[PDB]
>>> print(open('coords-v8.txt').read())   # compact mmCIF, C-alpha atoms and all ligand atoms
# COMPACT_ATOMS: atom_id res chain seq x y z
CA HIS F 1 56.11 134.21 92.93
CA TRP F 2 52.63 134.16 91.49
CA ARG F 3 48.95 133.40 92.01
CA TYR F 4 46.02 131.83 90.23
CA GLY F 5 43.34 134.07 88.78
CA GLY F 6 45.14 137.37 89.21
CA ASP F 7 48.14 139.60 88.64
CA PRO F 8 50.91 139.50 87.88
CA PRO F 9 50.41 137.70 84.56
CA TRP F 10 52.98 134.90 84.69
CA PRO F 11 55.13 136.14 81.73
CA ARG F 12 55.74 139.41 83.60
CA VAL F 13 57.77 137.46 86.18
CA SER F 14 58.57 134.17 84.44
CA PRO F 15 59.05 135.06 80.72
CA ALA F 16 59.27 131.36 79.85
CA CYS F 17 55.54 131.10 80.60
CA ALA F 18 55.07 132.90 77.27
CA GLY F 19 56.74 130.00 75.43
CA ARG F 20 55.17 128.33 72.40
CA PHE F 21 54.84 124.79 73.77
CA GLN F 22 53.02 125.29 77.05
CA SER F 23 50.63 123.12 79.07
CA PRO F 24 47.88 122.32 79.77
CA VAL F 25 46.08 121.90 76.44
CA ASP F 26 42.63 121.06 75.12
CA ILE F 27 42.67 117.44 73.84
CA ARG F 28 40.52 116.66 70.79
CA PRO F 29 40.50 112.85 70.47
CA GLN F 30 39.15 112.69 66.92
CA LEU F 31 42.17 114.78 65.81
CA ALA F 32 44.87 113.01 67.82
CA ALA F 33 47.43 111.01 65.88
CA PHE F 34 46.80 107.31 66.52
CA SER F 35 50.17 105.78 67.46
CA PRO F 36 50.03 101.99 68.07
CA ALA F 37 53.69 102.12 69.20
CA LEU F 38 52.45 103.64 72.48
CA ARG F 39 52.27 100.56 74.71
CA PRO F 40 50.64 100.20 78.15
CA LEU F 41 52.35 102.20 80.88
CA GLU F 42 54.50 100.19 83.29
CA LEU F 43 54.88 101.08 86.97
CA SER F 44 56.87 99.41 89.75
CA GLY F 45 57.33 100.19 93.43
CA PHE F 46 54.12 102.22 93.69
CA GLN F 47 52.59 99.87 96.30
CA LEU F 48 54.15 101.45 99.38
CA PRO F 49 54.29 99.88 102.86
CA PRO F 50 52.83 101.83 105.81
CA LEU F 51 56.28 102.96 106.95
CA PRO F 52 58.08 105.17 106.34
CA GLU F 53 55.50 107.94 106.22
CA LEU F 54 55.25 110.49 103.39
CA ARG F 55 55.32 114.28 103.64
CA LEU F 56 52.05 116.03 102.74
CA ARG F 57 52.12 119.82 102.45
CA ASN F 58 49.90 122.81 101.62
CA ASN F 59 52.26 124.99 99.58
CA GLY F 60 49.64 127.66 98.88
CA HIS F 61 49.03 126.47 95.30
CA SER F 62 48.16 122.80 95.81
CA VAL F 63 48.48 119.94 98.24
CA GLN F 64 51.65 118.01 97.42
CA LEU F 65 52.69 114.52 98.53
CA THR F 66 56.43 113.81 98.45
CA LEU F 67 57.15 110.35 97.12
CA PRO F 68 59.98 108.12 98.38
CA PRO F 69 62.82 106.77 96.23
CA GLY F 70 62.20 103.60 94.25
CA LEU F 71 59.05 104.32 92.22
CA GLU F 72 59.68 103.59 88.54
CA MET F 73 57.61 104.53 85.48
CA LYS F 74 58.31 103.46 81.89
CA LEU F 75 56.66 105.21 78.94
CA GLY F 76 58.52 103.02 76.46
CA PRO F 77 61.99 102.09 75.21
CA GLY F 78 64.48 104.70 76.28
CA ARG F 79 61.93 106.58 78.40
CA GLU F 80 62.28 105.51 82.03
CA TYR F 81 61.44 107.76 84.98
CA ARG F 82 61.48 107.94 88.78
CA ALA F 83 58.51 109.48 90.57
CA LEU F 84 59.11 112.55 92.71
CA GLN F 85 55.80 113.95 94.02
CA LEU F 86 52.12 114.17 93.20
CA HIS F 87 49.70 117.07 93.67
CA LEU F 88 46.23 118.12 92.53
CA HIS F 89 44.26 120.82 90.71
CA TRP F 90 40.61 121.54 91.49
CA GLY F 91 37.79 124.06 91.23
CA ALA F 92 35.15 125.20 93.72
CA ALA F 93 31.54 124.47 94.67
CA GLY F 94 29.74 123.63 91.44
CA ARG F 95 32.73 124.60 89.29
CA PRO F 96 35.20 122.16 87.68
CA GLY F 97 38.92 122.64 88.00
CA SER F 98 40.90 120.21 85.88
CA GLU F 99 43.85 121.60 83.87
CA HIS F 100 43.51 119.60 80.69
CA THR F 101 40.18 119.60 78.86
CA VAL F 102 38.66 117.17 76.38
CA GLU F 103 36.73 118.78 73.50
CA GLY F 104 36.43 121.81 75.78
CA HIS F 105 35.05 119.73 78.66
CA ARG F 106 36.61 120.52 82.06
CA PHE F 107 36.49 117.73 84.67
CA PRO F 108 36.02 118.29 88.43
CA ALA F 109 39.72 117.90 89.33
CA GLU F 110 43.03 116.49 88.11
CA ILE F 111 45.96 114.57 89.62
CA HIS F 112 49.57 115.01 88.45
CA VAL F 113 52.33 112.53 89.29
CA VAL F 114 55.68 114.20 88.43
CA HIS F 115 58.70 112.09 87.42
CA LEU F 116 62.41 112.64 86.77
CA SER F 117 64.11 110.98 83.79
CA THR F 118 66.70 108.41 84.74
CA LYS F 119 69.10 110.34 82.49
CA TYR F 120 69.36 112.95 85.26
CA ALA F 121 70.34 112.79 88.90
CA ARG F 122 68.61 116.04 89.97
CA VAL F 123 65.47 117.91 88.96
CA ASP F 124 67.63 121.00 88.32
CA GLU F 125 69.51 119.25 85.51
CA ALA F 126 66.33 118.09 83.76
CA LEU F 127 64.38 121.36 83.70
CA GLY F 128 63.79 122.58 80.16
CA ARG F 129 65.36 119.52 78.57
CA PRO F 130 63.16 117.50 76.18
CA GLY F 131 61.95 114.46 78.10
CA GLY F 132 63.79 115.48 81.26
CA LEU F 133 60.53 115.42 83.24
CA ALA F 134 57.35 113.41 82.69
CA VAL F 135 53.94 113.93 84.28
CA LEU F 136 51.14 111.38 84.50
CA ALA F 137 47.77 113.18 84.57
CA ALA F 138 44.34 111.71 85.33
CA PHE F 139 40.95 113.37 85.59
CA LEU F 140 38.94 113.10 88.80
CA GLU F 141 35.17 112.71 88.38
CA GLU F 142 32.17 112.27 90.64
CA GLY F 143 31.05 108.71 91.33
CA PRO F 144 28.42 107.41 93.77
CA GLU F 145 30.63 106.18 96.62
CA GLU F 146 33.76 106.98 98.60
CA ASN F 147 37.13 106.29 96.98
CA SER F 148 39.03 104.59 99.80
CA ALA F 149 42.50 105.26 98.36
CA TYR F 150 41.86 109.00 98.06
CA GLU F 151 40.33 109.08 101.54
CA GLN F 152 43.73 108.36 103.09
CA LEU F 153 44.91 111.72 101.74
CA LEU F 154 41.69 113.73 101.81
CA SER F 155 41.04 112.94 105.49
CA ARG F 156 44.36 114.70 106.26
CA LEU F 157 43.64 118.01 104.52
CA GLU F 158 42.00 119.57 107.61
CA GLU F 159 45.26 119.46 109.55
CA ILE F 160 47.16 121.24 106.75
CA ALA F 161 44.45 123.83 106.05
CA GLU F 162 46.80 126.76 106.74
CA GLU F 163 49.05 127.82 103.89
CA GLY F 164 52.53 126.43 104.39
CA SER F 165 51.55 123.77 106.93
CA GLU F 166 52.59 120.14 106.62
CA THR F 167 51.90 116.69 108.06
CA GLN F 168 52.90 113.02 107.62
CA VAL F 169 50.76 110.23 106.15
CA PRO F 170 51.26 106.43 106.10
CA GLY F 171 52.56 104.84 102.95
CA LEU F 172 49.74 103.83 100.62
CA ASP F 173 49.26 102.29 97.18
CA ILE F 174 50.04 105.27 94.94
CA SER F 175 48.87 103.33 91.88
CA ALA F 176 45.38 103.13 93.44
CA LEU F 177 45.11 106.93 93.00
CA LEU F 178 45.33 106.40 89.21
CA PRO F 179 43.02 104.80 86.62
CA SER F 180 43.09 101.05 86.17
CA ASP F 181 43.31 101.31 82.36
CA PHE F 182 47.01 101.78 81.56
CA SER F 183 46.57 101.15 77.83
CA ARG F 184 44.50 104.16 76.69
CA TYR F 185 46.11 107.58 77.02
CA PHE F 186 47.12 110.76 75.18
CA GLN F 187 50.69 112.00 74.99
CA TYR F 188 52.32 115.27 73.96
CA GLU F 189 55.24 117.55 74.82
CA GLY F 190 54.57 120.68 76.88
CA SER F 191 55.60 122.55 79.99
CA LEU F 192 55.25 122.78 83.72
CA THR F 193 51.86 124.36 84.32
CA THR F 194 53.22 126.69 87.00
CA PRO F 195 56.12 129.14 86.86
CA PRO F 196 58.81 128.75 85.74
CA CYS F 197 56.75 126.96 83.03
CA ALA F 198 59.82 125.07 81.81
CA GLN F 199 59.28 123.25 78.51
CA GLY F 200 60.34 119.76 77.40
CA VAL F 201 57.90 117.98 79.73
CA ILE F 202 56.34 114.74 78.44
CA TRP F 203 52.64 114.74 79.35
CA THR F 204 50.66 111.50 79.46
CA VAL F 205 46.92 111.94 80.11
CA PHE F 206 44.87 108.82 80.88
CA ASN F 207 41.64 108.52 78.92
CA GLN F 208 39.94 106.75 81.84
CA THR F 209 38.99 108.86 84.84
CA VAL F 210 39.00 108.09 88.56
CA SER F 211 35.81 108.43 90.63
CA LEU F 212 35.52 110.28 93.95
CA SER F 213 32.37 110.90 95.96
CA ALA F 214 30.79 114.34 95.86
CA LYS F 215 31.75 114.71 99.53
CA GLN F 216 35.39 113.92 98.74
CA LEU F 217 35.41 116.44 95.88
CA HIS F 218 34.05 119.08 98.26
CA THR F 219 36.71 118.12 100.82
CA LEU F 220 39.41 118.60 98.20
CA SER F 221 38.21 121.97 96.95
CA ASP F 222 36.91 123.55 100.18
CA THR F 223 39.44 122.68 102.89
CA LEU F 224 42.73 124.43 102.10
CA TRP F 225 43.73 128.08 102.36
CA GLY F 226 46.03 129.86 99.95
CA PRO F 227 47.96 133.11 100.01
CA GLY F 228 46.52 136.02 101.95
CA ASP F 229 43.40 134.59 103.43
CA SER F 230 41.91 133.41 100.17
CA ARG F 231 40.58 129.91 99.81
CA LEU F 232 42.79 127.58 97.76
CA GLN F 233 40.37 127.04 94.87
CA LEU F 234 40.32 127.18 91.05
CA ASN F 235 44.03 126.37 91.11
CA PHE F 236 44.35 125.55 87.42
CA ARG F 237 45.99 127.22 84.44
CA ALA F 238 44.04 128.08 81.29
CA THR F 239 44.63 125.77 78.35
CA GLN F 240 47.36 126.81 75.95
CA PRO F 241 47.58 126.76 72.14
CA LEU F 242 49.13 123.69 70.50
CA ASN F 243 50.99 125.90 68.00
CA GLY F 244 51.37 122.97 65.60
CA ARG F 245 52.03 120.27 68.20
CA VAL F 246 50.50 116.84 67.57
CA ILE F 247 48.84 115.01 70.43
CA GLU F 248 49.23 111.25 70.12
CA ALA F 249 46.63 108.67 71.14
CA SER F 250 47.62 105.16 72.19
CA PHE F 251 44.21 103.81 71.12
CA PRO F 252 41.67 104.37 68.33
CA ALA F 253 39.42 107.28 69.33
CA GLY F 254 36.45 105.89 67.47
CA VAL F 255 32.99 106.93 66.47
CA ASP F 256 29.94 107.91 68.62
ZN ZN D 301 50.13 120.03 88.35
>>> encode(input="coords-v8.txt", output="C-alpha cells")
Amino acid sequence: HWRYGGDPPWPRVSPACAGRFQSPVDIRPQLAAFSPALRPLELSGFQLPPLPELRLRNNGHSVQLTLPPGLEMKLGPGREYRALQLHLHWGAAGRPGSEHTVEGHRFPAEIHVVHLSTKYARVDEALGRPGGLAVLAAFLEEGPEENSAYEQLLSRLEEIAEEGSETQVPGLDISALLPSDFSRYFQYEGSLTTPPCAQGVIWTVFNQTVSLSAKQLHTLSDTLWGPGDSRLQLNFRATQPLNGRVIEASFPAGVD
C-alpha cells in the first residue's frame, strides 16, 4: 500500500508505476492529433432509479461510489464498456487538485468513471490489457451556484468522514455528474493513476468542465480523513511524460 505526497515512492512497491505509458498527463490541445473519427460518446442506463441504493465509501484515497450492473458506454466501433465505479481527486483550501492538466493548468478537482471492456467478465482479466479498462474523466470547476446532482453525494461525505467508513445513497442520474458536451474530448492510452498503475487504460477527458459551488468544492476537499489522522487532500498523482504517445482530439482545437 501507498500514500499521496510521501514515501514510499510508488515504484519501490509497485514497479509497474515506473512504466513508460503512465497517467495522468498534461494535455496540450494545439498539439493533439485531430481525429474526426472520434464520434460523440454514447451512454445508456446511467439514469438510475432511487432503489436500489449504491455503496459510497471512504477508502482512504478517495470517495468511491459503486455502480450497479447495466450501465453501458461506447467509445466507438468495437469499444464497448460497462461502468464499475466512480471516484474523485481534489486539492485543498485554495489549491487545485485535478489529475490531468491542460497547458499546465490544474483544475479544482476531477471525476473518474471507471469501466470494464465487454471483452472481459472480470476486472482481473482486463488489467494491463490494451483497452481492457476505460476511464471517463471530467474537470470540476467553480461556478456561482449549487450543483444539485453533486449535492446528492457531497451531502453524504460527513457520515463517511472516517477512513474506511461506508454508507448507502439513493440511485441518481450518474450522467448528470458529467459534462453535457459529449462531442468534444481528448483520448489517449495510459495507466491506472494509483498502484498497481496497470497500463493499457483508454483515457477519455472531456473538454467541457462541470461547475460546483465554492461551498461544494470545500465540502469535497475538507470533509474526509485519510490514513493516520491526516486529512484526505491533494489526492492526485503528478502528470507523467507522454514518451512519444499521441493524444487525440475529437474536435478542432482552434485559435485564440
Ligand atoms: Zn481516479
>>> residues_near_ligand(input="coords-v8.txt", ligand="ligand ZN 301 (chain D)", cutoff="10 Å", atoms="only C-alpha atoms and all ligand atoms", output="short mmCIF file (atom, residue, chain, number, x, y, z; two decimals) with C-alpha atoms, keeping the file's coordinate frame")
data_model
loop_
_atom_site.label_atom_id
_atom_site.label_comp_id
_atom_site.auth_asym_id
_atom_site.auth_seq_id
_atom_site.Cartn_x
_atom_site.Cartn_y
_atom_site.Cartn_z
CA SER F 23 50.63 123.12 79.07
CA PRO F 24 47.88 122.32 79.77
CA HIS F 61 49.03 126.47 95.30
CA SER F 62 48.16 122.80 95.81
CA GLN F 64 51.65 118.01 97.42
CA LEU F 86 52.12 114.17 93.20
CA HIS F 87 49.70 117.07 93.67
CA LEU F 88 46.23 118.12 92.53
CA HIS F 89 44.26 120.82 90.71
CA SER F 98 40.90 120.21 85.88
CA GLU F 99 43.85 121.60 83.87
CA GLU F 110 43.03 116.49 88.11
CA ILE F 111 45.96 114.57 89.62
CA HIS F 112 49.57 115.01 88.45
CA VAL F 113 52.33 112.53 89.29
CA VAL F 114 55.68 114.20 88.43
CA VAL F 135 53.94 113.93 84.28
CA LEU F 136 51.14 111.38 84.50
CA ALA F 137 47.77 113.18 84.57
CA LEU F 192 55.25 122.78 83.72
CA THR F 193 51.86 124.36 84.32
CA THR F 194 53.22 126.69 87.00
CA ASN F 235 44.03 126.37 91.11
CA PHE F 236 44.35 125.55 87.42
CA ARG F 237 45.99 127.22 84.44
#
>>> closest_residue(input="coords-v8.txt", among="F:115, F:100, F:215, F:39", to="residue 77 of chain F", atoms="only C-alpha atoms")
F:39
>>> atom_distance(input="coords-v8.txt", atom1="atom CA of residue 30 of chain F", atom2="atom CA of residue 106 of chain F")
17.2 Å
>>> closest_residue(input="coords-v8.txt", among="F:195, F:70, F:164, F:144", to="residue 46 of chain F", atoms="all atoms listed in the file")
F:70
>>> residues_near_point(input="coords-v8.txt", point="(46.2, 129.5, 104.5)", cutoff="12 Å", atoms="all atoms listed in the file", output="ChimeraX atom specification")
/F:57-63,157-166,222-233
>>> write_last_selection(input="coords-v8.txt", atoms="C-alpha atoms", output="PDB file, keeping the file's coordinate frame")
ATOM      1  CA  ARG F  57      52.120 119.820 102.450  1.00  0.00           C
ATOM      2  CA  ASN F  58      49.900 122.810 101.620  1.00  0.00           C
ATOM      3  CA  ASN F  59      52.260 124.990  99.580  1.00  0.00           C
ATOM      4  CA  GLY F  60      49.640 127.660  98.880  1.00  0.00           C
ATOM      5  CA  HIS F  61      49.030 126.470  95.300  1.00  0.00           C
ATOM      6  CA  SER F  62      48.160 122.800  95.810  1.00  0.00           C
ATOM      7  CA  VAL F  63      48.480 119.940  98.240  1.00  0.00           C
ATOM      8  CA  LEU F 157      43.640 118.010 104.520  1.00  0.00           C
ATOM      9  CA  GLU F 158      42.000 119.570 107.610  1.00  0.00           C
ATOM     10  CA  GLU F 159      45.260 119.460 109.550  1.00  0.00           C
ATOM     11  CA  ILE F 160      47.160 121.240 106.750  1.00  0.00           C
ATOM     12  CA  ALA F 161      44.450 123.830 106.050  1.00  0.00           C
ATOM     13  CA  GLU F 162      46.800 126.760 106.740  1.00  0.00           C
ATOM     14  CA  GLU F 163      49.050 127.820 103.890  1.00  0.00           C
ATOM     15  CA  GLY F 164      52.530 126.430 104.390  1.00  0.00           C
ATOM     16  CA  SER F 165      51.550 123.770 106.930  1.00  0.00           C
ATOM     17  CA  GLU F 166      52.590 120.140 106.620  1.00  0.00           C
ATOM     18  CA  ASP F 222      36.910 123.550 100.180  1.00  0.00           C
ATOM     19  CA  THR F 223      39.440 122.680 102.890  1.00  0.00           C
ATOM     20  CA  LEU F 224      42.730 124.430 102.100  1.00  0.00           C
ATOM     21  CA  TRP F 225      43.730 128.080 102.360  1.00  0.00           C
ATOM     22  CA  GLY F 226      46.030 129.860  99.950  1.00  0.00           C
ATOM     23  CA  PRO F 227      47.960 133.110 100.010  1.00  0.00           C
ATOM     24  CA  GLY F 228      46.520 136.020 101.950  1.00  0.00           C
ATOM     25  CA  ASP F 229      43.400 134.590 103.430  1.00  0.00           C
ATOM     26  CA  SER F 230      41.910 133.410 100.170  1.00  0.00           C
ATOM     27  CA  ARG F 231      40.580 129.910  99.810  1.00  0.00           C
ATOM     28  CA  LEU F 232      42.790 127.580  97.760  1.00  0.00           C
ATOM     29  CA  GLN F 233      40.370 127.040  94.870  1.00  0.00           C
TER      30      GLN F 233
END
>>> residues_near_point(input="coords-v8.txt", point="(54.9, 115.8, 100.1)", cutoff="7 Å", atoms="all atoms listed in the file", output="number ranges by chain")
F: 54-57, 64-67, 85
>>> axis_aligned_box(input="coords-v8.txt", around="segment 158-162 of chain F", padding_each_side="4 Å", output="lines of an AutoDock Vina configuration file")
center_x = 44.6
center_y = 123.1
center_z = 107.8
size_x = 13.2
size_y = 15.3
size_z = 11.5
>>> atom_distance(input="coords-v8.txt", atom1="atom CA of residue 26 of chain F", atom2="atom CA of residue 150 of chain F")
25.9 Å
>>> atom_distance(input="coords-v8.txt", atom1="atom CA of residue 234 of chain F", atom2="atom CA of residue 10 of chain F")
16.1 Å
>>> closest_residue(input="coords-v8.txt", among="F:72, F:145, F:109, F:249", to="residue 93 of chain F", atoms="all atoms listed in the file")
F:109
>>> residues_around(input="coords-v8.txt", residues="segment 169-171 of chain F", least_positions_apart="2", cutoff="7 Å", atoms="only C-alpha atoms", output="list in words")
residues 48, 49, 50, 51, 52, 53, 54, 55, 56 and 167 of chain F
>>> closest_residue(input="coords-v8.txt", among="F:206, F:4, F:182, F:120", to="residue 97 of chain F", atoms="only C-alpha atoms")
F:4
>>> closest_residue(input="coords-v8.txt", among="F:101, F:250, F:148, F:219", to="residue 172 of chain F", atoms="all atoms listed in the file")
F:148
>>> residues_around(input="coords-v8.txt", residues="residue 134 of chain F", least_positions_apart="3", cutoff="6 Å", atoms="only C-alpha atoms", output="list in words")
residues 115, 201, 202 and 203 of chain F
>>> build_atoms(input="coords-v8.txt", residues="segment 5-20 of chain F", atoms="N, CA and C atoms", output="PDB file, keeping the file's coordinate frame")
ATOM      1  N   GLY F   5      44.438 133.141  88.967  1.00  0.00           N
ATOM      2  CA  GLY F   5      43.340 134.070  88.780  1.00  0.00           C
ATOM      3  C   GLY F   5      43.629 135.512  89.148  1.00  0.00           C
ATOM      4  N   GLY F   6      44.844 135.981  88.897  1.00  0.00           N
ATOM      5  CA  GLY F   6      45.140 137.370  89.210  1.00  0.00           C
ATOM      6  C   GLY F   6      46.574 137.732  88.878  1.00  0.00           C
ATOM      7  N   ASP F   7      46.845 139.034  88.998  1.00  0.00           N
ATOM      8  CA  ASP F   7      48.140 139.600  88.640  1.00  0.00           C
ATOM      9  C   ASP F   7      49.201 139.113  89.632  1.00  0.00           C
ATOM     10  N   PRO F   8      50.488 139.097  89.230  1.00  0.00           N
ATOM     11  CA  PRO F   8      50.910 139.500  87.880  1.00  0.00           C
ATOM     12  C   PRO F   8      50.762 138.374  86.860  1.00  0.00           C
ATOM     13  N   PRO F   9      50.362 138.697  85.625  1.00  0.00           N
ATOM     14  CA  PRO F   9      50.410 137.700  84.560  1.00  0.00           C
ATOM     15  C   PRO F   9      51.772 137.026  84.545  1.00  0.00           C
ATOM     16  N   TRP F  10      51.757 135.694  84.554  1.00  0.00           N
ATOM     17  CA  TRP F  10      52.980 134.900  84.690  1.00  0.00           C
ATOM     18  C   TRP F  10      54.143 135.352  83.798  1.00  0.00           C
ATOM     19  N   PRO F  11      53.961 135.708  82.519  1.00  0.00           N
ATOM     20  CA  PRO F  11      55.130 136.140  81.730  1.00  0.00           C
ATOM     21  C   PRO F  11      55.812 137.389  82.271  1.00  0.00           C
ATOM     22  N   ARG F  12      55.103 138.231  83.032  1.00  0.00           N
ATOM     23  CA  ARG F  12      55.740 139.410  83.600  1.00  0.00           C
ATOM     24  C   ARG F  12      56.863 139.035  84.569  1.00  0.00           C
ATOM     25  N   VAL F  13      56.765 137.873  85.221  1.00  0.00           N
ATOM     26  CA  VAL F  13      57.770 137.460  86.180  1.00  0.00           C
ATOM     27  C   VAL F  13      58.522 136.214  85.730  1.00  0.00           C
ATOM     28  N   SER F  14      57.840 135.263  85.066  1.00  0.00           N
ATOM     29  CA  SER F  14      58.570 134.170  84.440  1.00  0.00           C
ATOM     30  C   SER F  14      58.354 134.215  82.931  1.00  0.00           C
ATOM     31  N   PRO F  15      59.231 134.906  82.176  1.00  0.00           N
ATOM     32  CA  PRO F  15      59.050 135.060  80.720  1.00  0.00           C
ATOM     33  C   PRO F  15      58.843 133.758  79.981  1.00  0.00           C
ATOM     34  N   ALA F  16      59.402 132.658  80.491  1.00  0.00           N
ATOM     35  CA  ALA F  16      59.270 131.360  79.850  1.00  0.00           C
ATOM     36  C   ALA F  16      57.827 130.862  79.820  1.00  0.00           C
ATOM     37  N   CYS F  17      56.952 131.426  80.658  1.00  0.00           N
ATOM     38  CA  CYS F  17      55.540 131.100  80.600  1.00  0.00           C
ATOM     39  C   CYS F  17      54.879 131.587  79.326  1.00  0.00           C
ATOM     40  N   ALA F  18      55.539 132.472  78.575  1.00  0.00           N
ATOM     41  CA  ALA F  18      55.070 132.900  77.270  1.00  0.00           C
ATOM     42  C   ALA F  18      55.645 132.043  76.141  1.00  0.00           C
ATOM     43  N   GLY F  19      56.182 130.861  76.457  1.00  0.00           N
ATOM     44  CA  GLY F  19      56.740 130.000  75.430  1.00  0.00           C
ATOM     45  C   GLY F  19      55.669 129.481  74.476  1.00  0.00           C
ATOM     46  N   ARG F  20      56.109 128.800  73.414  1.00  0.00           N
ATOM     47  CA  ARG F  20      55.170 128.330  72.400  1.00  0.00           C
ATOM     48  C   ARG F  20      54.583 126.964  72.691  1.00  0.00           C
TER      49      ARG F  20
END
